[PDB]
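Here is how the chains run, residue by residue.
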Amino acid sequence: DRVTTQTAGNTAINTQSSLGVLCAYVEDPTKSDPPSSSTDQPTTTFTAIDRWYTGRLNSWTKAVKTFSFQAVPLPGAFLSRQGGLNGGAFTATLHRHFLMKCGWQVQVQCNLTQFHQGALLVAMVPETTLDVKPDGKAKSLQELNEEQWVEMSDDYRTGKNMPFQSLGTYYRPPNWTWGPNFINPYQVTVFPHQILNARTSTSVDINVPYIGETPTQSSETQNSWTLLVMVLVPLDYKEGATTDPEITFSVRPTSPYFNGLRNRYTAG
Amino acid sequence: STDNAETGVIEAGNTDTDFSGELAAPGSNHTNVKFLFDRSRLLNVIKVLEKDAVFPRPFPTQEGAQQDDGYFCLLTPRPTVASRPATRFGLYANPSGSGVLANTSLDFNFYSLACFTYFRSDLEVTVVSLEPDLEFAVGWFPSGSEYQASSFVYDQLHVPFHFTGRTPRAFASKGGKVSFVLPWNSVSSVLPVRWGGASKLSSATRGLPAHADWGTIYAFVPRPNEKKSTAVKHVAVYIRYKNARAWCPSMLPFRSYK
Amino acid sequence: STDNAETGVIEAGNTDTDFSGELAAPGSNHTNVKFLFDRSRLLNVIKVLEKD
Amino acid sequence: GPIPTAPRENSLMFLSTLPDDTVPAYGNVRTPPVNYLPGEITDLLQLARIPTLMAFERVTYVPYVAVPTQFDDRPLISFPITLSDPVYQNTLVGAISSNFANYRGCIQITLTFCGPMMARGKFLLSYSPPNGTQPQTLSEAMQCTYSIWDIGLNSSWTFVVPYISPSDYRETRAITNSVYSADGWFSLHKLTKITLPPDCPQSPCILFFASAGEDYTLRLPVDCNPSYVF
Amino acid sequence: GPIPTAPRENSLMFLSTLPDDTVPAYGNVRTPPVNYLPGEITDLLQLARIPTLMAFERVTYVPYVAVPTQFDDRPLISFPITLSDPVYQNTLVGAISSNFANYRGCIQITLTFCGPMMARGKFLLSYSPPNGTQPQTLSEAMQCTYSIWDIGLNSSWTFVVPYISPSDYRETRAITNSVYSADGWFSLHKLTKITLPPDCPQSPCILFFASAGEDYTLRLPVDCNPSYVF
Amino acid sequence: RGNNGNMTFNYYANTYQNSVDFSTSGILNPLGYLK
Amino acid sequence: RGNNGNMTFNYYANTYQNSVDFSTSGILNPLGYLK
Amino acid sequence: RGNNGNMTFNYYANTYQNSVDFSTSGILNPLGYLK
């Protein structure tokens, strides 16, 4: 009846105005079986990682144009400490294994009031590469404080700026005009999503199961799911009201598994 | 009818909900995914080998390296360049200047109806000649292998090794056609239409899958090395998915507005 | 696991013998001798007779 | 003894669409199980029946429409009903339909009001079958099929375009405006002006969604257009 | 009357791997019995599951490794796990695997101590899944999967490399070090120095064997490399 | 099933005509649920 | 058995298709035993 | 029926050989009546 409270481990979250919980593809997204591509003893969930982890995004401002977006690669967020996120036990255990698989639960929060106008779209895009710079290297924490909100242009629309394999000098460089990771703004509502606007609610909750091309993926590189936020109607408010609303989100892993124990990972 | 679109789930209705009327009959089921994709189509055009070949080197290749280009074709809907998997489709809008021109390919229909994320299916291949009264053959090897490059001497006549091997080789009569089907042999369970992982643990290129294909194909003339002709020849390759399946929705290309 | 290789006969094991784990499924039987050798291949090249 | 037979005139022909199989080469292969992947798609209608955002011109394109403050009798916005029309171009219904030749069933439209919670107003939605000239006033609009939608607690309102055609099935592209391709117009009318309290932003915005109906159906596949790559 | 039929596009084609027979020419032949020959082989796995000797460099190759007397923290010996690696080249497992494309199951390693009966010592065996850099010290080795083996009455000790892979089946050759070809490293550590009584030879030697596991499996034949003849 | 017209006779065996997944030991349903 | 796809029909007789040995009047078993 | 001589065997299925009308839910008779 618009009041709900979600509990897990030693943490609990509530809301004074809810719209429901969206289950992605199945009746019970939590149910899952151990992987069949490894024969060692796996490591199921323990009570110290059944939690909600919270972080902070950049603030929404009226100067933002339409279809500008922000992205958050789920398994990569912990590893890169984006937006101040820190997993503690989950991060420590993820840094000490070779393989990992798990679903997710996410929720976003905003604090608009009845005197504001605007709308935000929140969706979970699978198998995306919005977190990588055109040169092919992951964005540093300094770049986010400059590109507050990612712009939208024909390059993103057509996937013409994807990661690039240098072709050497024996050939002659061609003209690149299309790629498989394009983004089509008008069709983003295909993925599991909820629409957030000033007049109706202040939070959105989505539940998602595991997906991958193999039963399990490498810990340090898998990027199957990604969180997306996009602007549909630019913000506007009467002069004198509260400005620059804040945004926050929380995440929870479900039915994890691990395999291939080893020492702390180190790049080389 | 009153409803809330913010919930994400909206129940489809009919004319009778708000007005007087009735629902229409089913009709036909031509939208079935299995029935839609079982149709042959052109994939690529390649030359015909007349001697032992040298497989192209990896992409960081500098100038001056000797190899054979445009003789091998990959079996995969994804973009490719220089007989190796790629990530961005290419196009030469100014055919001039130095440098070798890179072969390219793509499956226009498949990516025009690529509404999902993962795919799996068998595949049937066919080849056709583009020259009058030509004799040729076609060879194949599975995903994750390589082409042997050497020859043997019989009666002082060199014979390339690709004549023999325990992986299929087929011959056609004058003006004939070659046809056969292949299984799904990649290590991965499904073929990713779009990907965002990395294969190597470091120095990798994100979004470039390693084994998203069925195999590799090439054509050659059944004659010894001593009969290298003076004119190039070409053939055309046709593929046809069989018993297809899809697994997760996605979005379609962006049709630009003039 | 302790064993003596000098006896010639050694019993094949699995992952579970000394660690926690389980055995894998069979898979396919492409190693069968009868199925392996039934494939054509080149043997020799010879000339064509035009007289006795 | 040999069975005597005579091949027909159609022999050695290669037909792409032939409904039959061919000879195997490398059989006896066994593949990994795929029980672990959820959400298998069985028919593309499952995707055709998901709403998506349309587009309009702000003169250079946006999905929403801004309600003005001036007073005039023309329709606020009106677009034809033809799947090849630009407005449906990027929506899933249009994008999928462009790969076929015929269709049936009822199209569906949805709207959502994203203005301040304190606003109040009413709107009129109408659908006009084909005529010599399209409607241009409320008096004319009232006579056709129409409905009244009022701003309240709930934000969205769905509208269904009935399938009224002189023949079963209809063409999905309009080379010329025969009665079998074009099927009238849709238009939106502002019945009453919006009321807002002092110190609130003006000119609220409204949003559109388009999707297939319950009894929608396609037929007769056709080859696709590759111009997008350029 | 003649049965009318139309041959397909694939006619008069010669396919080496076709799964069917042909016409006989000289039938009705009867051959001697072969009941007297024992030990018929039914599957080549029977031979793949027999241990054999590996090889290393003495700098010019020997199957054993000599235990030094100096003290250092580096692994005594370490080689990768990739069937195309030289160490497995001449062993039966590698030699047979080079003729196929995929594999499953658990590999097996065995050792045997051939030193004087009066010696005593202990060794540590570890297996490290893939990482940015390979292990280089006992502290790191202890964390991975490992076991302790001590010299006693019995001479040999078997070790099993678990099959831990991100996908079913794996490639049997490494054109490039994708996660589907290389699968980490194996290394041996001398936990304690060897103790010998006076007037005994120093630097004992240790021996290696490699074989397939219980649940090993191959798949997808491929043509072989004839370079050995030269 | 599919774009296959024959309904009476099959020459080759199933395991040679098609690929199979090795074992281990109506109206369209909707996608996306709310509770 | 073997790399043979047909499973329904055989035209020629067995003694003409194959050679036979004239009479006189599952899991893999191991090779090499110890007692 | 018609100019069709075969009366024993049909290879392809009916729905692929012919077109069909989807459902909805002797001596010659004369044309033109008087009452």
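Analysis parameters
- Residues numbered from 1 in each chain as written, not as in the entry; some residues may be left out.
- Chains lettered and ligands numbered in written order.
- Part of a larger assembly, values for the part shown.
- Heavy atoms only, no water.
- Residues with missing side-chain atoms left out of burial classes, pairs and counts.
- Helix = DSSP H or I, 4+ residues; strand = E, 2+ residues; numbered from the N terminus.
- Contact = heavy atoms within 4.5 Å.
- Buried area = accessible area lost by both parts, 1.4 Å probe.
- Salt bridge = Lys/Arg side-chain N within 4 Å of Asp/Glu carboxyl O.
- Polar contact = N/O pair within 3.5 Å; in protein donor to acceptor, adjacent residues only side chain to side chain.
- Nonpolar A, V, L, I, M, F, W, Y, C, P; charged D, E, K, R; others polar.
- Pairing = 2+ DSSP bridges.
- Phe/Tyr/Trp six-rings, centres within 6.5 Å; stacked < 30°, edge-to-face > 60°.
- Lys NZ or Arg CZ within 6 Å of the ring centre and 35° of its normal.
- Core = buried A, V, L, I, M, F, W, Y, C linked by side-chain atoms within 4.5 Å.
- Buried < 20%, exposed > 50% of the residue type's maximum accessible area, 1.4 Å probe, protein only.
- Disulfide = S-S within 2.5 Å.

This entry lists cryo-EM as its structure determination method and reports a resolution of 3.36 Å.

1. Digging into the overall build of chain F
Of the regular secondary structure elements, chain F holds 1 helix and 2 strands. Secondary structure elements of chain F, listed N to C terminal, follow the sequence α-β-β. Its C-alpha atoms give chain F principal-axis dimensions of about 50 × 35 × 10 Å.

2. Regarding the interface of chain C and chain B
A common way to state how big an interface is: give the accessible area lost once the parts meet. Listed per partner, the contact involves 9 residues of chain C and 5 residues of chain B. Both sides of the chain C and chain B interface together cover about 590 Å² of buried area, and 64% of this is carbon and sulfur. Per-residue buried area on chain C facing chain B is highest for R39, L42 and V45 of chain C; these three make up 57% of the total on that side. Here chain C and chain B share 0 salt bridges between them. If you look at where chain C meets chain B, you find 1 residue pair in polar contact. Each residue belonging to the side of chain C that touches chain B can be placed in one class, and the counts come to 4 nonpolar, 2 polar and 3 charged.

3. What about the arrangement of the chains?
Where the 22 pairs of chains in contact are concerned, the greatest contact count is recorded for chains B and D. Left apart from each other, chain B and chain G have a closest C-alpha approach of 13 Å.

4. Thoughts on the pairing of strand β15 (residues 185-190) of chain E
A regular strand places its side chains on the two faces of the sheet in alternate fashion. Here strand β8 (residues 77-80) of chain E pairs with β15 of chain E via 4 bridges, running antiparallel. When the bridges of β15 of chain E are listed, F79 of chain E appears paired with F186 of chain E.

5. Points about the packing of aromatic side chains
Tallied over the entire structure, the rule returns 54 aromatic pairs over all chains. For the ring pair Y169 of chain D and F22 of chain H, a centre distance of 5.9 Å and an interplane angle of 70° mean the geometry is edge-to-face. Of the two residues, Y169 of chain D is situated in the loop between β12 (156-161) and β13 (170-171) and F22 of chain H in the segment after α1 (14-17); the pairing between them involves two chains. Site record: aromatic cluster; members linked through ring pairs are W178 and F182 of chain A, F37, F110, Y111, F116, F119, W184, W214 and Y241 of chain B together with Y228 of chain D. Here the basic side chain of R39 of chain B rests over the ring of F35 of chain B, its NZ or CZ set 4.9 Å away from the ring centre. Here the guanidinium or amino end of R219 of chain E rests over the ring plane of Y169 of chain E, the centre of that ring lying 4.2 Å away.

6. Here we look at the interface of chain B and chain D
Taken together, the contact between chain B and chain D spans 65 residues of the former and 68 residues of the latter. Contributing elements (two or more residues each) for the side of chain B that touches chain D: β1 (2-3), α1 (33-36), β6 (89-91), α2 (108-112), β8 (118-129), β13 (178-182) and β16 (234-246) of chain B. When grouped by side-chain class, the residues that make up the side of chain B that touches chain D number 34 nonpolar, 19 polar and 12 charged. Here β1 of chain B pairs with β12 of chain D via 2 bridges, running antiparallel. Each residue of the ladder has a partner; that of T2 of chain B, found in β12 of chain D, is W157 of chain D.

7. Details of the nonpolar core
Membership of the largest hydrophobic core comes to 95 residues, with the highest contact counts inside it found for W178 of chain A together with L75, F110, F116, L123, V125 and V178 of chain B. Take this core: its biggest share by element is 6 residues, from β16 of chain B. If sequence neighbours within four positions are ignored, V178 of chain B has contacts with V125, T126, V127, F136, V138, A170 and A172 of chain B together with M13 of chain E. Listed in part, the 46 residues of the second largest apolar core include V64, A77 and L235 of chain A together with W247 of chain B.

8. As for the state of the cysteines
Applying the stated rule across the entire model yields 0 disulfides over all chains. Here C205 of chain D stays unpaired: no disulfide links it, and the sulfur of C114 of chain D, its closest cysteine neighbor, is 5.5 Å away. On the basis of relative accessible area, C205 of chain D is assigned to the buried category, the value being 11%. Among the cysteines around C144 of chain E, which has no disulfide bond, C106 of chain E carries the closest sulfur, lying 18 Å off. Overall, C144 of chain E belongs to the buried group, its relative accessible area being 6%.

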